[PDB]
Number of protein chains: 2
Amino acid sequence: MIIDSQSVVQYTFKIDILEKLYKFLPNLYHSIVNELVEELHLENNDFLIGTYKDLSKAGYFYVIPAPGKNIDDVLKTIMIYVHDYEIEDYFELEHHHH
Amino acid sequence: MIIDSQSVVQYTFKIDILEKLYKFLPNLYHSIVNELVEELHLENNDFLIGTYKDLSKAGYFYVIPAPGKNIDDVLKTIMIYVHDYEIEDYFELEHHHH
């Protein structure tokens with residue numbers, strides 16, 4: 001059974017480029033964020049990550065590192081996966097939307 | 001970047017039959033607990049689980065459910081995997097050790 005409990009930290013990590021993608025191509029944003037979260041979970045066993053329900057927090061992720069896992073290492077891993085989508089590419093065509 | 005943080009709960013779940021296995025067949029215990037943790041992580045994406053470094057806590061696991069995940073559901077899942085090892089079997093032969 002459960003015999004004890006203690007507080008652990010849950011971080012809110014803002015990923016600027018994803019928040020901006022959401023503002024411009026929300027549907028693409030949804031696709032990328034869900035593959036991102038799935039792949040991070042499939043390839044990493046030492047942290048939890050997820051989106052928030054509030055759309056005002058689109059682009060923000062909750063992050064919970066396992067005991068003994070360095071939060072800053074988790075962020076580096078998340079960003080490596082994020083950079084791989086080369087989201088910068090999309091903003092180059094945003095002007096067609098004016 | 002990190003823009004906020006909050007406290008989340010980390011539970012200590014004692015698994016009696018594993019604690020008892022550790023007391024009698026520590027090496028088997030080590031093998032089972034490490035496959036258990038690996039399989040729970042591979043097949044479940046909504047909670048973190050792990051052993052503690054203190055051997056006095058052998059048989060106890062830290063458990064951190066993702067936001068919105070019901071801790072009691074996590075325990076049921078853990079026990080399903082634990083029961084599958086049929087650890088009761090081992091204690092039947094413990095008397096040969098007297």
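Below, chains carry the letters A, B, ... as their sequence lines are ordered, and counting in each starts from 1.
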(message) Taking every non-hydrogen pair under 4.5 Å, which of A/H41, A/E38, A/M1 racks up the most with chain B?
(response) A/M1

(request) Report whether A/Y60 and A/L36 are members of the same hydrophobic cluster (ILVMFWY, side-chain heavy atoms less than 4.5 Å apart, transitive linking). (result) no

(request) Identify the two heavy atoms, one from A/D46 and one from B/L48, that lie closest to each other, and give their separation to 0.1 Å. (result) C-CD2, 4.3 Å

(message) Please identify which of these residues, B/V8, B/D4, B/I64, meets the side chain to side chain contact (heavy atoms under 4.5 Å, CB included) condition with A/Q10.
(response) B/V8

(message) Is A/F61 close to chain B through its backbone or its side chain, or both, or neither, when contacts mean heavy atoms under 4.5 Å?
(response) neither

(request) Taking atom NZ of B/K69 as the centre, report whether more than 12 heavy atoms of other residues, nucleotides or ligands fall under 6.0 Å from it. (result) yes

(request) State plainly whether one hydrophobic cluster holds both B/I78 and B/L42, where clusters connect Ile, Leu, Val, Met, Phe, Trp and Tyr through side-chain heavy atoms under 4.5 angstrom apart. (result) no

(message) Testing the basics here: between A/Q6 and B/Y52, what is the closest heavy-atom pair and its distance to 0.1 Å?
(response) NE2-OH, 4.4 Å

(message) As an exercise, state the distance from CD1 of A/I3 to CD1 of B/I15, rounded to the nearest 0.5 Å.
(response) 10.5 Å

(request) Go through the atoms of A/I71 and report whether side chain, backbone, both or neither lie under 4.5 Å from a heavy atom of chain B. (result) side chain

(message) With a 4.5 Å cut-off on side-chain heavy-atom distances among I, L, V, M, F, W and Y, is there a chain of contacts connecting B/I32 to B/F13?
(response) yes

(message) Is there a continuous path of hydrophobic side-chain contacts, each under 4.5 Å between heavy atoms, that joins A/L18 to A/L28?
(response) yes

(message) Among A/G68, A/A66, A/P67, A/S7, which residue has the highest count of heavy-atom pairs closer than 4.5 Å to chain B?
(response) A/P67

(request) Go through the atoms of B/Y62 and report whether side chain, backbone, both or neither lie under 4.5 Å from a heavy atom of chain A. (result) side chain

(request) Identify whether A/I49 and B/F47 are in the same connected component of the hydrophobic contact network (ILVMFWY, side-chain heavy atoms under 4.5 Å). (result) no

(message) Can you tell me which portion of B/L75 sits under 4.5 Å from chain A's heavy atoms? Options are side chain, backbone, both or neither.
(response) side chain

